[PDB]
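In structure tokens, one chain follows: the form deposited in one PDB entry.
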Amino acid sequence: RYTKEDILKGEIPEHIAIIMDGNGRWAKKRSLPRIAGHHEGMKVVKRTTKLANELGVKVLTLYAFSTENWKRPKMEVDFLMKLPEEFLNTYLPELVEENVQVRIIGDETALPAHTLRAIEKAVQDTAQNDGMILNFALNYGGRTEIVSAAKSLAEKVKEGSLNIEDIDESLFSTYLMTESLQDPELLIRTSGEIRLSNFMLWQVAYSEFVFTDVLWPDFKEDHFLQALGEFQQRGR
């Protein structure tokens, strides 16, 4: 068992990445509509964002909407696409006071313009902050990301701006959506699924993984600290 000051004892991952799964199953379990659970999960986002920022986490990356989530019922998809506005309308000033930097990774051209408009004002309103980086992964997939790196590098070779022999691992990393950000030392996934689901495939080559049966809406600060306690046990 762990509590907080025992966690500050040790290493705090500079970059944590979380697959926020299990919202539907949390609402189903309470005899609630699935959209209720998405809404509950929205609170745990900022509650987790605040705790990680006190601890000194420097990048928090949260998988909000997968490329494969487009296939869900249209009423749900449209509600999920309204959650960023609702989240920012509720928490953005708090995030400004907390020195947070809001950022987005994924293919944005596929979001409704009312969802994009709201996000981009968040990014600008927190641009000149230098605190913790809050990365929402929205319409994000690892294979797409890797292919678009290859296509970009290929296009520069085609134009003569890049020699093939200068393409190495580190150069490849800079054409990923994660840009120059450091790779996540710790990946957390809730809801009892033990898989990666096409999330950040390159970037978690060496990450530690922590899977929990806890559903995302139930993922309060002690579960989060316990996940950090696991991380500190991992060697080599």
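Between two forms, the rigid core is defined as the largest C-alpha subset superposing within 1.5 Å. Each residue number is its position in the shown sequence, starting from 1.
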Counting only other entries where the flanking residues are modelled, do a third or more lack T67? yes
Comparing mean C-alpha B factor in the record for 52-60 and 200-208, the higher one is 52-60
Mean C-alpha temperature factor, higher of 113-121 and 149-157: 113-121
Would you mind checking which of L162, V96, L134, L83 has the top Cα temperature factor in the PDB entry? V96
Going by what the PDB entry lists, where does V100 fall on CA B-factor within its chain: lowest, middle or highest third? middle
Determine, from the deposited record, the chain-internal third of the Cα B-factor for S66: lowest, middle or highest. middle
Looking at the entry's B-factor column for C-alpha atoms only, identify whether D213 ranks in the lowest, middle or highest third of its chain. middle
Split the chain's modelled residues into thirds by Cα B-factor; is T174 in the lowest, middle or highest one? lowest
Taking only the Cα B-factors deposited for this chain, tell me whether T144 sits in the lowest, middle or highest third. lowest
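The discussion below concerns the form deposited in another entry, not included here.
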Of the candidates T178, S66, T48, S207, the only Cα that travels 2 Å or more between the shown form and the other one, given a rigid-core fit: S66
Distance change of 3 Å or more between the C-alpha atoms of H39 and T67 in that other deposited form: closer or farther compared with this structure? closer
Checked in that other deposited form: CA of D213 to CA of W70 differs by 3 Å or more, atoms lying closer
